[PDB]
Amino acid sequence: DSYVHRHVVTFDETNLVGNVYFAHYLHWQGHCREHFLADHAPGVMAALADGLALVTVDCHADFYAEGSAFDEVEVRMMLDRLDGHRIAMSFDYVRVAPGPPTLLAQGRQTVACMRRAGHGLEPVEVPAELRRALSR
């Protein structure tokens, strides 16, 4: 069961080599997790203004085949693990058009749920609405 974020590669994501510059794959992880929040946990999205922080702990990408301008890429996100305050997600980046389905890359990211009164910020349980959305 994966969450699909659809992304069309633009010229500004390419580079003189002719492929998608590597760092854009990490932005797409972000676009995907944020679109998930908006689609299935809007209350957590709203809570980000209040006092909830979703902080990136780490991220990773493995690159397999080159993406090009106008490629339609599915950024397929899965829950790898939820533990107290941390959420680990994994990502397949699959070109679905043009040509045959092609795995361009894979990735991983961990996010921590924090609350931040005073000066520092402290771990808080993954919110219920988010925990609920994540299981589906």
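So that there is no doubt, residue numbering starts at 1 and follows the sequence shown.
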Problem set entry | Greater mean Cα temperature factor according to the PDB record, 4-12 or 127-135 | 127-135
Problem set entry | Average Cα temperature factor in the PDB entry - higher stretch of 39-47, 58-66 | 39-47
Seminar exercise, completed: Highest CA B factor of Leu103, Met89, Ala97, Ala53, as deposited, is found at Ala53
Exercise. In this PDB entry, which of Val17, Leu121, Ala112, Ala23 has the top CA B-factor?
Worked result: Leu121
Exercise. How does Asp83 rank on Cα B-factor within its chain, lowest, middle or highest third?
Worked result: highest
